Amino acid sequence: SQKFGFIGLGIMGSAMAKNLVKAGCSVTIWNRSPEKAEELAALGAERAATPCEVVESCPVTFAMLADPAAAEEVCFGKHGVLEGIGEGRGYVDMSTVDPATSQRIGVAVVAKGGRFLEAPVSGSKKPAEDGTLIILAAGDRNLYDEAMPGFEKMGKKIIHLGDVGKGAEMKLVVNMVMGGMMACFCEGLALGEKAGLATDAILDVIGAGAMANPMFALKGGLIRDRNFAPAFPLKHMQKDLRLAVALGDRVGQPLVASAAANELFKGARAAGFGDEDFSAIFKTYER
């Protein structure tokens, strides 16, 4: 009987909101495109007209938006979060964004009388459905504690990393490694294909060794079957590497391999695989 607001109902946000509804929470919902909202309304969610409406009437609102532009627009725009937020009500942006953007939103939220937490996550569509996300929160400690029962229905591992920005930083670091791994993994599979190796043979050897991981296992088979249905949209992976490179720029860390990965994913977007899974980068190598 806890009440939560939820803003942004894409791949990740849709499954997360549904987990709050399945858990018995009363959930108030908003999405720029109505159709996705109409999906959860049918499940028992309450549908709000604007972001303003959601945070105007919910003690704690989660948001799961595409990128900094989306997060900023929803926050600062007409009928946005800033218009409805206040009197201690909390805004929890779980979108992957740059530390400067979450910090910017946090300040504005706090100036309106609200509280702000950032909580980017690790784990894709399936972990979102299963409620097994890893939640990387940073910011208001009281809001962290208050949002916890919500977090616990969305994730398995929930941590607090300190001041606003540290969560974004953790997320960007972790995803940079993932993007890099995926680029290299695909180069291996493509090279193997051209060398005359069977994919399953390669997958079998990797699976038996020190590099074995769930991501290689999952994506390996999907690549073999040439199924690139989006779990983590390729255009979002590229956005994340974009942000990781800007973080590197700011803190003075050269990132030769991760910058290469950024460019390769840009190639995949240009090729038209932007709305496909990020594993679709394999098709640029092949092709």
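Residue numbers here begin at 1 and follow the sequence given.
- When the mean C-alpha temperature factors of 27-35 and 217-225 are read from the deposited coordinates, 27-35 comes out higher.
- In this crystal structure, the stretch out of 111-119 and 201-209 whose C-alpha atoms carry the higher mean B factor is 111-119.
- Across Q238, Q253, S258, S57, the greatest Cα temperature factor reported in the deposited entry is at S57.
- Between the residues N175, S124, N142, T96, the entry's highest C-alpha temperature factor is the one at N142.
- Split the chain's modelled residues into thirds by C-alpha temperature factor. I135 is in the middle one.
- In the deposited entry, the Cα temperature factor of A183 sits in the bottom third of values across the chain's modelled residues.
- When the CA B factors of the chain's modelled residues are split into thirds, the value for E72 lands in the highest one.
- Per the deposited record, the Cα B-factor of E193 falls in the lowest third when ranked against the other modelled residues of its chain.
- Sort the modelled residues of the chain by CA B factor and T50 lands in the highest third.
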